[PDB]
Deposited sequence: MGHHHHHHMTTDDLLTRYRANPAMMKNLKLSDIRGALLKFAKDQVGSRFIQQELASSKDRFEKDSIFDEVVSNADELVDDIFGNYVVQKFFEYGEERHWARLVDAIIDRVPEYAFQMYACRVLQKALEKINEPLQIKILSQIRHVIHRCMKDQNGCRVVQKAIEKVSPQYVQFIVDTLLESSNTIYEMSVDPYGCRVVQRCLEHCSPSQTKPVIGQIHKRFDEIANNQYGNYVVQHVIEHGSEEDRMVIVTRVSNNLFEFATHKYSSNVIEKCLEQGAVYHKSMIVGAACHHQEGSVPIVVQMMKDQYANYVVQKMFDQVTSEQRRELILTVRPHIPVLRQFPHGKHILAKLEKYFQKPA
């Protein structure tokens, strides 16, 4: 029986097993649930660098077999941690040629994310130079999009320009990404971390198909990120459009959240535009909104976010309609969360 089967039998019998004992058994240990846990715990608890170094040659020699293994990927990740700096460059060399495949794999992509989280900028750039070859497909991939998001989070903006240029590669790319469950997160991460020179054309593409993106199940989060991370002009354009089309935006499932974001993030003069649209003298828009399955939440958010003077206009506009509003689906509950304002 080999070392692993012996060790798996009676762990207590081998309480003094060390990393340097593993030798050629590293691959078998690292792909085993028990063996991988042993390796990880020794790598975390050992005070002996030479013990830790002793399995590194076998990790390198078997890197392609370990990186997308259910248990082996954790062993590889240990050597990208702080404290294993001396091994980072050799380990990147061991995986670099297949990074374009690893980015799409569910275990290997965690190795790549760990590397980008920890290693120095020259090694990050080396990894990204391979991601370059598969970046469009990577952005829409359940696994690859997490590698791309980690890159945007952890690498200086000038070195993710190739990702921004992929968002801008054709007319429809930003739309395609914003309505994709994985691509939309890449767009959001870019809006959070890229420079305003990088985000300006990205935001410009979003504006061109604003209405469609704003009511998309994923795109509405992209638009909320524009409100938060865009320019004052971006918010003015958005608030002007929302105010001019307030009933339509408020009564649709996903775009209703965009109005709420405007009210949470907007300055008083933006809140004034939304309030004025809602109260404009059919019954006032704010009354119609309170009867609606989504817009009633937008009205509640308005009351919670605007100035006392702005609430005063809303109260004076709504109060005559309170009898008939009590009758609608949930209308008793809706006026109940507003009772504090109407007394």
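Trainee: Compare what was deposited with what's modelled and send me the C-alpha-less stretches, numbered from 1.
Mentor: Seq positions lacking coordinates: 1-11, 293-295, 358-360.
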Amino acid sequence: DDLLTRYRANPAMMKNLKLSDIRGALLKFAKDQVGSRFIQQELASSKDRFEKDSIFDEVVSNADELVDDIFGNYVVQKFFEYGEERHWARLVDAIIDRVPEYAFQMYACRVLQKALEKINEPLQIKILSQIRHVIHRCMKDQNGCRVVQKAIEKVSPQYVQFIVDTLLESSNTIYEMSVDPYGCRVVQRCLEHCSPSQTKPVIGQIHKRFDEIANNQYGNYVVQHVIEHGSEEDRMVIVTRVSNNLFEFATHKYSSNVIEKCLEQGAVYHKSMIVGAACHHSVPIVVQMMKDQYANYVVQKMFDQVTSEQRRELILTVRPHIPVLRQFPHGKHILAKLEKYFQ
From here on, numbers count along this sequence of modelled residues.
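Trainee: Which is higher on mean Cα B factor in this entry, 140-148 or 240-248?
Mentor: Looking at the record's C-alpha B-factors, the answer is 240-248.
Trainee: On average, which has the higher Cα B-factor in the deposited entry, 15-23 or 330-338?
Mentor: Averaged over C-alpha atoms, the B-factors run higher in 330-338.
Trainee: Please pick out which of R189, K126, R209, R86 has the largest Cα B-factor as recorded in the entry.
Mentor: Across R189, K126, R209, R86, the entry lists the biggest C-alpha B-factor for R86.
Trainee: With respect to the C-alpha temperature factors reported in the PDB entry, which of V298, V67, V318, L43 ranks highest?
Mentor: Among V298, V67, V318, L43, the PDB entry lists the largest C-alpha B-factor for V318.
Trainee: Would you mind ranking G219 by its C-alpha B-factor against the rest of the chain and naming the third, lowest, middle or highest?
Mentor: It belongs to the lowest third of the chain when residues are ordered by C-alpha B-factor.
Trainee: Which third, lowest, middle or highest, does the CA B-factor of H133 fall in along this chain?
Mentor: Top third by C-alpha B-factor.
Trainee: Per the entry's values, where does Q310 land by CA temperature factor relative to the rest of its chain, in the lowest, middle or highest third?
Mentor: Highest third - that is where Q310 ends up once the chain's C-alpha B-factors are sorted.
Trainee: Hey, what third does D97 fall into on Cα B-factor, ranked over its chain?
Mentor: Highest third, going by the recorded CA B-factors of the chain.
Trainee: Just say lowest, middle or highest third for the CA B-factor of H280 relative to the other modelled residues in its chain.
Mentor: It falls in the top third of the chain.
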